[PDB]
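Working notes for the structure below.
Here is the structure:
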């Protein structure tokens, strides 16, 4: 079981600092290289930091020179990144990496959104169910709307992923400092509304969850 | 810096055939080149390091080659876990810059958008926004255009454009068309229609609704 | 191992800790005992216009109470010969450690600073580490072959070991026994002149805190 | 452990330190001694050598001062034999390490290069590492089973061990001790010839390192690049000696025994030799810099010529350190108790 | 021992230039002295030996 | 390895184990034997309370 | 505030001091072996056979 679990990425003041921690579940941490790399939108994957098998050789690109300091723990199986004086460009999704080779990467975790922005906002949730009028068709497309969150991301799952054969979920867009999205599912009409259907929307930044069933 | 770019950036393919990808170089960054892939929720995979030499657990259907500034990589006999975004990356000198990225898509039978239009429901009619939601589902390929007609007049401000993934079982695409309006403008105008266009028909797929009806 | 390469940076220090050289020893003589220790020197005349590397000299001195023994880094000054005081632990980074000159006390005519003396010492390495600074001396090139790319940078060779004393036993005890005068080494046969004596001892097995 | 498959690229040389053999050794002998070493030789070119390995010959060299003793990586040359020059340490890679041939030193008739010796050595190995590159000969396939997946290609078995010595104790030192030779092991019972002796010692117990920290720019906040770090290495030596004069009556049985053995300990004696009279002897100037057109050259004939002059030693003068009264030294008193006098 | 011969020449290091052999060497030597034991031949002696050899 | 900075906490205790010194000795006496142990004693009365 | 971990070492059958007779030629004090009060307080310390 080799798995690099990310921890420590989120909201942080501009000009401030934060502590990341990439805990590995199981291997010998002193044998293999470890690294940090981020993905910024409309751009490449951005290599942030690399370290060797024991910790001898650490490097950073031209973007974070002088500002970022990489660390690692071999006993708690945890790779680190101590950064200073963050700006709005550091808002991205960040991976930690395992180097199994001649400085070559074969792992990252699920990651966490490391977003340098101002504040969070708990989402006000609105469903999109069939209303007044006769229900027609053997299948019905419905939804539930998410309005007003910042920053990214969110994820909608319908009925605990059993209908994930037909679950739809959309990305959001930045309109006036907030993101707005929606989601759908194509289920035959034998289910709804005799058996109720729920979409699950959460928010990592405000830690505010409201569950509703259609 | 070393500024390498990845071309062609998109691959639609049917498996069993032979698929080629390329990455060209700014410097003579001779044969030190690895290749990766990003699947969400799981880990990145190193297929071939150093252009031509193979990692543990990696099978033989991959093939990559090149020296100097020219490189060629070719793959046949595909497998359904491949649909992901693939990168080339130099590490001949720091900073480790990447290629632009190549997403591999599987080719299927083409399909038209399944259109179902909704008003902003009365919970959103008391919240403060007015989003005329309409779901365009189960189409192929990604390329669509939708037209929103606010009482015959088109609106492009506040138009949100976000496409889904290749789906799980049916592997189609969907795109979010939420008409971001406020209350007095939704009070002024009644008719709104998502008019999706696709390569299946010269007439756009037009679905409408009336607040006099529902 | 060393996965390539060494990285630039002006600040990379940390806390570590380690034991020292073990011993048991003593000496007696009716003159106070001596001891050498290394230090600086006068530079030179300025005939050489080659480089800057500092001079040196040992310094022969009667050691008094409280002064520090050398433990393997030479009997030397840590303030003048070093300049970071970070190669050395804090208690001895501000010191001038000595080693006793039994040799010139042997070639002393009468032997009045020496009646008898003891010594028992052992050592071996624990690990290997390296310094972090600009190596002032370069290495000649045809002695090896240089690499390129990631291996284009030549890393420094400012290695340094770190010590370890062995296991000690109660059979290795020097003290708490009689050592009879029957034959001295020199001309003064036990005669304390001035009704005074100059006794010394260094022990390491009771050096916990 | 060492998993599969094969990684490698162009070159993968790294940085390591290591340490070496623990020893203490010595030798006494009036004649200069030799010392053997290995090196490449001339092979037959009449064979169609499918192998491309060069041969290796022992070369029984004569040990100079400051040349290198063996360490345990083959008693070979390292200039002409390590083409990589980046696998063996730099200090020895442009030199050649040596060992003594005690049995061929036992096969000298007179025994004038050996009067006494000792050696005290201990070693065990800590680590284990291997090499890369195109190995010379391949493995025969019919002594194993092959595989694939990760087990596809063979990996290089070019290993090497790493010495680590032992503990460095003072409880078995050999220095600072008198050694009164009761009887020398060979025919030469401790008698020097031509008023000379050559002695040596190699010790690792006194081999610490003297580094040097030189801040070039004072500042209360730390920078790595204030410091031109230098290194030195120091060593302190001494010897004591007690002799005995002996009377040789130059009889006919002796004078045929010795001139045949060595005529050179008769030429300083010049009994019945016509050249050492000569004539008017050497007639010197006072030193004039520009004129007196002769120079400081060695085309003037040498009063002493030997190939030992081609080698370089530590020349130690004792033509002035003689003393008849011995009790004023810490070994003269150690002798009268030893002699019972 | 361990050997290393390069095949080509360059001013750039690669591991695929060098050829490495490995050998194993031994020397032995001896020194002895003996003593003659003369053996007379009698009837009880000559019966004793052919039972062995 | 003790590299900078810290990752501290308001609680840092853990489950460890250790081994000891090898004792074999003889002691005889028909009078009871004493031991020594350091007791927390006092200094003089007024030491200016600089460091406790 | 560094601290080591003590270890000890190998124990042998030759490091044993017990299960063997002793015949003291001379006691240490002016009392050369005379006990009093019809009692004595003998003490031994062994951690060597102290497995649990």
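Protein chains in written order, with PDB author numbering: chain A, 1 to 214; chain B, 1 to 214; chain C, 133 to 341; chain D, 133 to 473; chain E, 342 to 394; chain F, 133 to 184; chain G, 290 to 341.
Where is the CB? At the ideal position from N, CA and C, for every residue including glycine.
- In this structure, the CA atom of residue 119 (chain A) is about 58 Å from the CA atom of residue 174 (chain F).
- Taking a Cβ-Cβ threshold of 8 Å, the residues of chain G close to residue 155 (chain F) are 334, 335, 336 and 337, in chain order.
- Between residue 10 (chain A) and residue 114 (chain A), the C-beta gap is smaller than 8 Å, which places the two residues in contact.
- Between residue 95 (chain A) and residue 38 (chain A), the C-beta spacing is below 8 Å.
- In this chain, the alpha helix (DSSP H) harbouring residue 236 (chain C) covers 234–238.
- Proximity of chain F to residue 82 (chain A) at the Cβ level (cut-off 8 Å) is accounted for by 137, in chain order.
- Within chain C, the residues placing a beta-carbon under 8 Å from that of residue 300 (chain D) are 254, 255 and 256, ordered along the chain.
- Taking the C-beta atoms as reference points, residue 73 (chain A) is found no nearer than 8 Å to residue 53 (chain A).
- Here residue 198 (chain A) has 213 as same chain residues with Cβ atoms under 6 Å from its own Cβ, once five neighbours each way along the sequence are excluded.
- Nearest to residue 162 (chain D) by C-alpha distance, out of D:386, D:445, D:326 and D:440, is D:326.
- In the DSSP assignment, residue 464 (chain D) falls within the alpha helix (DSSP H) that extends over 464–471.
- Contact with chain G is absent for residue 296 (chain C), since none of that chain's Cβ atoms lies less than 8 Å from the residue's Cβ.
- Residue pairing by DSSP places residue 403 (chain D) opposite no residue, since no beta bridge is assigned to it.
- With respect to the 8 Å criterion, residue 126 (chain A) and residue 162 (chain B) are not classified as neighbours on the basis of their beta carbons.
- With its beta carbon at least 8 Å from every one in chain B, residue 53 (chain A) lies outside the interface.
- For residue 354 (chain E), there is no enclosing alpha helix (DSSP H), as DSSP gives it neither H nor E.
- In its chain, beyond the 5 residues on either side, 170, 171, 172 and 173 have a beta carbon closer than 8 Å to the beta carbon of residue 189 (chain C).
- The C-beta of residue 214 (chain B) has fewer than 16 other C-beta atoms within 10 Å across all chains shown, which makes the residue exposed.
- In the structure shown, the three-state DSSP call for residue 335 (chain D) is strand.
- Interface with chain D (8 Å Cβ-Cβ cutoff): residue 223 (chain C) is excluded.
- Remark: C-beta atoms of residue 160 (chain B) and residue 182 (chain B) do not approach each other more closely than 8 Å.
- The beta carbons of residue 86 (chain B) and residue 103 (chain A) sit no closer together than 8 Å.
- Going by beta carbons, residue 27 (chain B) and residue 52 (chain B) fall outside the 8 Å limit.
- Boundaries for residue 388 (chain D): no beta strand (DSSP E) harbours it, while the alpha helix (DSSP H) harbouring it runs 384–393, taken from the DSSP string.
- Distance between residue 128 (chain A) and residue 74 (chain B), taken at the CA atoms: about 46 Å.
- For residue 349 (chain E), no chain D residue has a C-beta closer than 7 Å to its own C-beta; the minimum C-beta separation is roughly 11 Å.
- Here residue 198 (chain B) is bridged, per DSSP, to B:201.
- Assignment of beta-bridge partners to residue 94 (chain B) by DSSP yields no partner.
- Fewer than three beta-carbon pairs drawn from the segment 225–238 of chain C and the segment 272–292 of chain D are found closer than 8 Å, and the two stretches are therefore not classed as touching.
- In terms of beta-carbon proximity, residue 134 (chain F) lines the interface with chain C, with at least one pair separated by less than 8 Å.
- 8 Å or more divides the Cβ of residue 106 (chain B) from the Cβ of residue 203 (chain B).
- Nearest in C-alpha terms to residue 379 (chain D), of all of D:330, D:323, D:265 and D:338, is D:323.
- Two segments are said to touch when three or more pairs of C-beta atoms, one from each, lie closer than 8 Å; by this definition the segment 182–200 of chain A does not touch the segment 6–17 of chain B.
- By DSSP's assignment, residue 88 (chain B) forms a beta bridge with B:35.
- Shown in chain order are the members of the segment 94–110 of chain A whose Cβ falls below 8 Å from a Cβ of chain D: 101 and 102.
- Under a criterion of Cβ atoms nearer than 9 Å, the residues of chain C adjacent to residue 353 (chain E) are, in order, 277, 278, 279 and 280.
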